[PDB]
Structure formats: C-alpha cells, structure tokens
J.: 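Sharing a structure here in structure tokens format.
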Amino acid sequence: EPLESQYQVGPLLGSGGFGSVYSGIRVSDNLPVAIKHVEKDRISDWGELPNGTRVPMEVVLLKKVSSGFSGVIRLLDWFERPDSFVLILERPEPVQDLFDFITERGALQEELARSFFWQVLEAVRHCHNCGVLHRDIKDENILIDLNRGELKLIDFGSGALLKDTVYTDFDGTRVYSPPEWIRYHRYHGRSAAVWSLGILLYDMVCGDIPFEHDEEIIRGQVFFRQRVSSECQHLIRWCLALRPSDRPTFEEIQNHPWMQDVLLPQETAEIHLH
Ligand SMILES: CC(=O)Nc1nc(C(=O)Nc2ccccc2N2CCCCC2)cs1
C-alpha cells in the first residue's frame with residue numbers, strides 16, 4: 001500500500017521544472033520504473049479526475065495517454081503526500097534520451113532520422129487522439145529504448161487538453177516555440193506542434209537546433225548547417241512555415257516523399273543502434 005515499501009529508490013535521473021525524477025524498481029516484480037516527485041506549491045496547472053479529485057494536470061494527461069501504446073512513457077501509479085505528488089512511470093533499460101544520442105553521434109543519417117521522426121509523429125498523433133497536447137516536443141523529452149529501437153515521449157507537465165480554440169499560455173521550450181507565440185502570445189494546438197516537429201527534424205538531420213533568438217524564429221529563414229536531401233529540407237521548411245495555416249497537417253507530413261519506406265523499430269535497432 002505505501003510507496004517506500006512498494007518501490008525501491010535508485011539514483012536521480014534529473015531535476016528541473018518537472019521537478020525531481022529518480023530511477024527505481026517495483027519490488028514486487030523488479031520492474032524498472034521512474035519515480036517523479038513534485039511539490040504541491042511548485043504546481044501551475046491542476047485538474048480533476050473522473051471521480052472528482054484535485055490532481056496536477058500532468059496526472060490527468062498521462063492517464064488519458066497511458067493505454068497501452070509504446071509511443072509514450074506510461075503512468076503506472078501515483079500517490080499524494082501532504083506537500084507533494086509522487087508519479088510512478090515506466091523506465092526502459094537500456095535507455096538513452098534523443099538529446100544525448102545526437103550529442104554523441106552528431107547529425108543522424110537520414111534513414112535513422114526517418115525512423116525516429118515517424119515514431120514521434122505516431123506518438124504525438126496518439127496523444128491528440130486521446131485529447132492531449134504535449135506542448136514540449138524536444139530532443140530532451142524523447143527516450144530511445146536501445147534494445148527495441150522504440151522512441152518514448154516523456155514530460156506532459158507543460159501539456160494541456162487538446163482544443164480547437166486559441167492557447168494564450170505557454171511554458172514549454174522557447175527555441176521550439178512557434179513565431180505566433182513569440183509575436184502575439186497566442187497559438188493553435190496542432191500547428192504549434194507541427195512547428196516544434198520541424199525544429200526537432202532539423203536537430204536530427206543537422207545535429208543542432210536551427211534558431212536560438214526570437215528574431216531568428218520570427219524571420220523563419222532556415223540555413224542548413226549539414227548536407228540534407230532536397231526532400232528532407234522541403235519537409236523541414238514546410239513544418240517551419242511562418243503562417244500556421246501554411247504548415248502541413250500530420251497526414252501531410254506522413255505522406256511527404258521524404259517520409260516513405262520507413263524502417264520498422266527492430267530493424268532500426270539492428271542497423272543503427274547495435
Ligand atoms: C534516463 C531515463 O530512464 N529517463 C526516464 N525519464 C522518464 C520520465 O518519465 N521522465 C520525466 C517525467 C516527467 C517529467 C520529466 C521527466 N524527466 C526525467 C528527467 C529528464 C528530463 C525528463 C522515465 S525513464
């Protein structure tokens with residue numbers, strides 16, 4: 001029944017705005033888990049469960065996306081403590097986040113970037129079908145299951161319920177945020193997500209993000225720092241179109257010529273991660 005008896009705490013995986021995440025083991029079956037602690041005072045968005053209880057929005061969002069597709073890190077359990085909330089999440093073993101993977105390897109081969117990008121599109125697409133907008137799609141929030149060659153989305157703490165009306169709040173990564181956000185502090189769910197996907201694709205094929213400052217984002221001129229194919233450049237520039245309405249839909253991204261003949265996750269691992 002308690003968490004200190006049910007779980008076995010290991011080293012700290014990371015800490016920030018999310019805020020403290022530890023590696024752990026579910027003592028019952030020795031299942032590798034992640035144990036996330038967050039203070040109640042350090043919580044911005046709150047939501048209600050179907051049974052009507054005050055929980056952080058992140059618990060609401062994770063519950064909606066946590067059955068049972070391997071594209072998102074599933075919420076296995078959660079506890080409420082007097083001054084904090086404790087989240088028990090899946091933890092792949094062996095694992096490496098996409099950020100550390102690009103740092104170590106540099107710009108990824110187009111074949112590996114295709115497999116990876118398709119998997120995030122399938123994951124993001126799963127989230128929207130569940131009525132969840134991630135709002136912080138970036139290299140740091142993508143984990144690679146090194147044995148299966150499968151990508152997993154983490155951190156729904158900047159997220160929101162997906163809607164068709166304007167969003168006036170944002171607390172994700174600035175350098176991944178669209179020009180509408182920077183200029184007008186207003187954006188729409190799917191087109192903002194497609195902009196961040198273009199930022200991510202550039203990062204995979206070039207080994208770094210295309211823009212650092214507000215004026216670069218606002219200008220939207222894409223300079224390619226590495227050799228990238230005409231088709232991949234076309235997809236990137238389309239995702240990063242200044243006018244949200246000019247951006248591709250998820251269907252348009254997945255039907256793009258560059259996006260064809262994607263490797264399966266297991267062959268991705270056997271060719272690129274072995
Ligand atoms: C290396 C490794 O096994 N990392 C893992 N991170 C998670 C996770 O859910 N992450 C998480 C869940 C909710 C908010 C933020 C995060 N973090 C964890 C620290 C790194 C940044 C994202 C599960 S396993």
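The basis for the numbers below is simple: all heavy atoms, side chains too, and nothing from hydrogens, waters or symmetry mates. When a ligand or atom number is given, it counts from 1 through the structure's own listing order. When a residue number appears, it is its place in the shown sequence, counting from 1.
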J.: Considering only heavy atoms of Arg91, which atoms of ligand 1 have at least one such atom less than 4.0 Å away?
T.: 3 (O), 24 (S)

J.: How far is atom 3 (O) of ligand 1 from its nearest protein heavy atom, and which residue and atom is that?
T.: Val95 CG1, 3.4 Å

J.: Does any pair with a residue in residues 150-160 pass side chain to side chain donor-acceptor pair (under 3.5 Å), and if so which ones, sequence neighbours excluded?
T.: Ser70-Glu150, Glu90-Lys152

J.: Here's one to test your reading of the geometry: is the NZ or CZ of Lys36 within 45 degrees of the ring axis of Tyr22 and under 6.0 Å from its centre?
T.: no

J.: Distance under 4.0 Å to a non-hydrogen atom of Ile73: what atoms of ligand 1 satisfy this?
T.: 9 (O)

J.: Given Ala34, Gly14, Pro11, which one has a non-hydrogen atom that is nearest to atom 19 (C) of ligand 1?
T.: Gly14

J.: Is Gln96 in contact with ligand 1, taking contact as a heavy-atom separation below 4.0 Å?
T.: no

J.: Within 45 degrees of the axis of the six-membered ring of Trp238 and under 6.0 Å from its centre: does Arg247 put its NZ or CZ there?
T.: no

J.: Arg186: what forms a salt bridge (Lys or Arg N to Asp or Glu O under 4.0 Å) with it, not counting sequence neighbours?
T.: none

J.: What residue and heavy atom of the protein are closest to atom 21 (C) of ligand 1, and at what distance?
T.: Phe18 CZ, 3.9 Å

J.: Find all atoms of ligand 1 within a distance of less than 4.0 Å from any non-hydrogen atom belonging to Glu90, and give their numbers and elements.
T.: 23 (C), 24 (S)

J.: Tell me whether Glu58 reaches ligand 1 (any heavy atom closer than 4.0 angstrom to a ligand atom).
T.: yes

J.: Does the plane of the ring in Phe79 sit parallel, tilted or perpendicular to the ring in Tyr7? Use 30° and 60° as the thresholds.
T.: perpendicular

J.: For ligand 1, indicate whether the residue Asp155 contacts it via side chain, backbone, both or neither (heavy-atom separation under 4.0 Å).
T.: both

J.: What is the nearest protein non-hydrogen atom to atom 11 (C) of ligand 1, stated with its residue, atom name and distance?
T.: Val21 CG2, 4.1 Å

J.: Should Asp77 and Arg26 count as an ion pair when the cut-off is N to O under 4.0 Å?
T.: no

J.: Measure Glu140 to ligand 1 on non-hydrogen atoms and call it side chain, backbone, both or neither using the 4.0 Å cut-off.
T.: neither

J.: So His126 and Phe69, would you call those rings parallel, tilted or perpendicular, with 30° and 60° as cut-offs?
T.: tilted

J.: Verify whether the ring centers belonging to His134 and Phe156 lie closer than 6.0 Å.
T.: yes

J.: Using heavy atoms and a 4.0 Å limit, tell me yes or no: is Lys36 in contact with ligand 1?
T.: yes

J.: Of the backbone atoms (N, CA, C, O) and the side-chain heavy atoms from C-beta on, which set of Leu143 has a member under 4.0 Å from an atom of ligand 1: side chain, backbone, both, or neither?
T.: side chain

J.: How far is atom 10 (N) of ligand 1 from its nearest protein heavy atom, and which residue and atom name does that atom have?
T.: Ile154 CB, 3.8 Å

J.: Are any of the side-chain nitrogens in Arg219 or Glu216 under 4.0 Å away from the carboxylate oxygens of its partner?
T.: no

